[PDB]
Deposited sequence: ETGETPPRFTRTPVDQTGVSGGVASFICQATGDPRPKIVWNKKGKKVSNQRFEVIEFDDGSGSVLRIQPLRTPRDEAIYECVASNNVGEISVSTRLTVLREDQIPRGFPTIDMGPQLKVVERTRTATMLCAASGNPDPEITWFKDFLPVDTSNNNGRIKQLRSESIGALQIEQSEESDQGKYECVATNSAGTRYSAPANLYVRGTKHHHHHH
């Protein structure tokens, strides 16, 4: 048996009021660890906060939507535990009002759209984002971070190219643009895969 250790730790995020923020945490160990999210040592419990498990519960995403300020601004902790030990890591959420966001904060200029693809064909979700510094584009599916699937960029356009689409690819996709100023989400877009 071995105590938990983190394989991914959450990083500080600065979001915008009305938007989304997500924190990602993953751990390994024997027994396999499970994760809870706390604030000031108490388990999070809020109508606008959702925890989404992955990796049989050894991965977790804390998603906050819609963001409120100052309500949601705090230090949060990801706590990984098994019967051998417990470890935590902290992270900070900042939430700006739309009238407080700096010049340069990411914008989603155009976002992904509803798509129905025939099974085994390629589906490409598209996003255009800008900011200063130029933002990184990442993708979420059903509230979780996403050779068959490629993340492409060209200038402001990001593409999530899903080759050989299969039933498991169906779900709700979001484009996320991040730079040193903060994070902005696109509206969600459903992908359906038809037989």
| property | result |
| --- | --- |
| Where the deposited sequence has no C-alpha coordinates (positions from 1, in order) | 1-3, 150-155, 205-212 |
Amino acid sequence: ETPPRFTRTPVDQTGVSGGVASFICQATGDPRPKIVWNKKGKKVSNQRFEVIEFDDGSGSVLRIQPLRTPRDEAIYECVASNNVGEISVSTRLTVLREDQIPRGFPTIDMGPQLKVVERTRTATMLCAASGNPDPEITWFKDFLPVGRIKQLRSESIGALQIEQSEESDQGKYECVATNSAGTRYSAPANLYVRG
From here on, numbers count along this sequence of modelled residues.
{"item": "Average Cα temperature factor in the PDB entry - higher stretch of 53-61, 122-130", "value": "53-61"}
{"item": "Segment of higher mean CA temperature factor, 133-141 or 29-37", "value": "29-37"}
{"item": "Most elevated Cα B-factor in the entry, residues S22, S17, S186, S180", "value": "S180"}
{"item": "Identity of residue with top Cα B-factor, from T94, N82, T107, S90", "value": "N82"}
{"item": "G147 CA temperature factor, ranked by third within the chain", "value": "highest"}
{"item": "Ranked C-alpha temperature factor of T69 among modelled chain residues, by third", "value": "middle"}
{"item": "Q161 - which third its CA temperature factor falls in, relative to the rest of the chain", "value": "lowest"}
